[PDB]
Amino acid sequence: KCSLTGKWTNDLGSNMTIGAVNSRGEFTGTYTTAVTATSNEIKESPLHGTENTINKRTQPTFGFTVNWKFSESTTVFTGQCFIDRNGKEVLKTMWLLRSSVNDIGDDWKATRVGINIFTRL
């Protein structure tokens, strides 16, 4: 089984730690990004999410939200916990980074998208 609990690092150098996943699939953790678009000092930020439990897949999908403590922005990640060919666990994720814009008319420029691959620390 691929499990979200534990420490992870991604291709940008960011780290996150995820606690126990409960029977409903709920989990919390903390996220330390290695990169930022703000001029502010990066601070560890909480994450909250769920892993899908339907049919108790060995490679479950999941999502979580990172509530940045140094920015008005929010990031959500979603992806799947895979067991790779070599037996290593790998999280394949895509994310949306939501900017705070001043007016509803600026909404069009508020959402960035990208990938991250996570492996255990």
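We number the residues from 1 along the sequence you see.
- Mean CA temperature factor is higher for 35 to 43 when stretches 35 to 43 and 57 to 65 are set side by side in the entry.
- Taking the PDB entry as given, 23 to 31 carries the higher mean Cα B factor of the two stretches 23 to 31 and 77 to 85.
- When the modelled residues of the chain are ordered by their C-alpha B factor, residue 110 lands in the lowest third.
- Among all modelled residues in this chain, the alpha-carbon of residue 97 has a temperature factor (C-alpha) in the lowest third.
- For residue 15, the recorded CA temperature factor ranks within the middle third of the chain's modelled residues.
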